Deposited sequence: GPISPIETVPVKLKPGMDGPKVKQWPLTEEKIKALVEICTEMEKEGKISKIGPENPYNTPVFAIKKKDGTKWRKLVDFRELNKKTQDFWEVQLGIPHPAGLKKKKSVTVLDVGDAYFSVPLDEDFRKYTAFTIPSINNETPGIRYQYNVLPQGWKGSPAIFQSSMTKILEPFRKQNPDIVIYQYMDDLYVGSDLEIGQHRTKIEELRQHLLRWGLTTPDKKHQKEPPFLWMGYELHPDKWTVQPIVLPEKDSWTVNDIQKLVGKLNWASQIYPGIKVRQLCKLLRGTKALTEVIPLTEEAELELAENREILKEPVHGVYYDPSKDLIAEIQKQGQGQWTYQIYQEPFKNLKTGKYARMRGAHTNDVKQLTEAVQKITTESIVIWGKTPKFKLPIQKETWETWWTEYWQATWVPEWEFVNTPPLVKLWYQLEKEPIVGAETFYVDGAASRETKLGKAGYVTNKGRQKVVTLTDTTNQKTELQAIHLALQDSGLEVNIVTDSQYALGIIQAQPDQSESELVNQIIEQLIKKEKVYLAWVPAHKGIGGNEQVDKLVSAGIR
């Protein structure tokens, strides 16, 4: 006796009362044949007028989307699935598929009446044969959570007597692993089959059991290693939007074991609204990226399982334009898994910051898969990290990492001054734009009497404040004081960006490395502060 699990409908809802559409004669003859056998085995029972519910007859015999919508929620199982790199190496592995899974769990008695369904009559002159389920139906929302729960109770006694044997439940399958030599493993497998059989659960016998490797969730699981099923990424002379979507899916799937995969350039090609049939021209830096990906995927790879008595090491490399790859291993050149990290894209972020978020993502993934955080090896000097994080408003914390000298390193290209530079020319910068016409001006005025204004087309307030800083840098000497009222423009400069999507900010970073001393100061707009006032009158002339 497997005990039933009490199941209720959602508050306020009654059961399904859907109409059964007429079917072909060749279809009704098959249904009454399936159903009479299910009645003889006790899985369904003929019902009659006392039952007011119905669900249309349909993998699945019956289509329960209406019932499923009205069924209570379950705090449901197999939220996530194991990742292979978190499994331990085994000597012997078996997979048992439980044949009569749902047919072996009785459905809560007072819930049975909601699973009613009708095989219709041929000419619909007659009413049809009506049934309901006595067991978990295929396709009912509760069957997976209730079967899993039953299987967990059935496996408790066997798990207890056999501590050394690992059993993972996955849908209808048991994955059974052990360090026993194959013969003594098979003795245990058959003991497990007998245990399951007491509750009516049937499994393949030794002759019918599959041999490693096991195909599971797109992986190929060996006793000592794992790989993905082999990626095939096509070769086309014209790429459609749907095709590019397909490639990014394969490439992102591949990036968990193939190191150094990069998708950022094929992703840019999917921006904007575009029909799925539109042939999209590959930009050549996307073509270049698609090329190095075809290279990576020609070599063969595998990952190894996890030895819980070694440390995990995670190593990160910069791949340029906000892209990062990483590798997890415990023994050198024997990866458990790899992955990638990609920035927001539109925004320009400091490289120390991008690296810290790669670490953050990897740390979270690593607690999920192995239950412990890794030791990091990062292309950043311990004092480059220190000067950046002690000068930044935000808190962070990487518990243990160390410098590894694999270029491109991350470094701070420039260092701004804390105090104004004596004898250097003071620039007051400002910009202005009108939203309607998208016209703007940017300029400066100088304590030494100099001034400039430039007019810009298709621009914004934010761009003109950066243009104005662009000009002050362009037209000053190796030492300069600059004064702005844009905390935006100023924050971009202090949070030294990596090379980004904006050519304006890249020019500015370039100008700032070439400088020898630069002090930047913020003043509030519209306060009568000299300098700022003079440049504001200049720049706002054609604009306000």
| item | value |
| --- | --- |
| Deposited residues without C-alpha coordinates, grouped into stretches that follow sequence order | 1-4, 63-72 |
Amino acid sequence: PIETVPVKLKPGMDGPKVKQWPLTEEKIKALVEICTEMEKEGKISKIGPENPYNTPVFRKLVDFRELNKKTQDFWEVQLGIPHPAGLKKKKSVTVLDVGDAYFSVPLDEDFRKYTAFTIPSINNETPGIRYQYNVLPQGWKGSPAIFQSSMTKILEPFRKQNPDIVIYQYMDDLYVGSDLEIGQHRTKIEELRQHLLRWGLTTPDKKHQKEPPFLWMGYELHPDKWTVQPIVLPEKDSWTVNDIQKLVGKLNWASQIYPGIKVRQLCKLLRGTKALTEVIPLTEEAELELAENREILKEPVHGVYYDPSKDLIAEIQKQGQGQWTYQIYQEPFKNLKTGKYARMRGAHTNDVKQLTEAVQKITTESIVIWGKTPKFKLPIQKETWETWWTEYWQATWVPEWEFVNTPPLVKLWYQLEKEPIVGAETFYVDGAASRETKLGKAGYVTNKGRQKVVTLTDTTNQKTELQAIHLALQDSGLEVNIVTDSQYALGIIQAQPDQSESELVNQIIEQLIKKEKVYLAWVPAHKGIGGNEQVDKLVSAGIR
From here on, numbers count along this sequence of modelled residues.
item: Between the two ranges 127-135 and 272-280, the one averaging a larger CA B factor in the entry; value: 272-280
item: Which of 517-525 and 20-28 has higher mean CA B factor, as the PDB entry lists it; value: 20-28
item: Given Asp173, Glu211, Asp110, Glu299, the residue at which the Cα B factor reaches its maximum; value: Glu299
item: Residue with maximal Cα B-factor (values as given in the PDB entry) among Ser143, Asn252, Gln265, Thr446; value: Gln265
item: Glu190 by Cα B-factor - lowest, middle or highest third of the modelled chain; value: lowest
item: CA B-factor placement of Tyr219, once the chain's modelled residues are sorted into thirds; value: lowest
item: Chain-relative CA temperature factor third for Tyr488; value: lowest
item: Third of the chain's Cα B-factor distribution that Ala291 belongs to, per the entry; value: highest
item: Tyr102 - which third its CA temperature factor falls in, relative to the rest of the chain; value: lowest
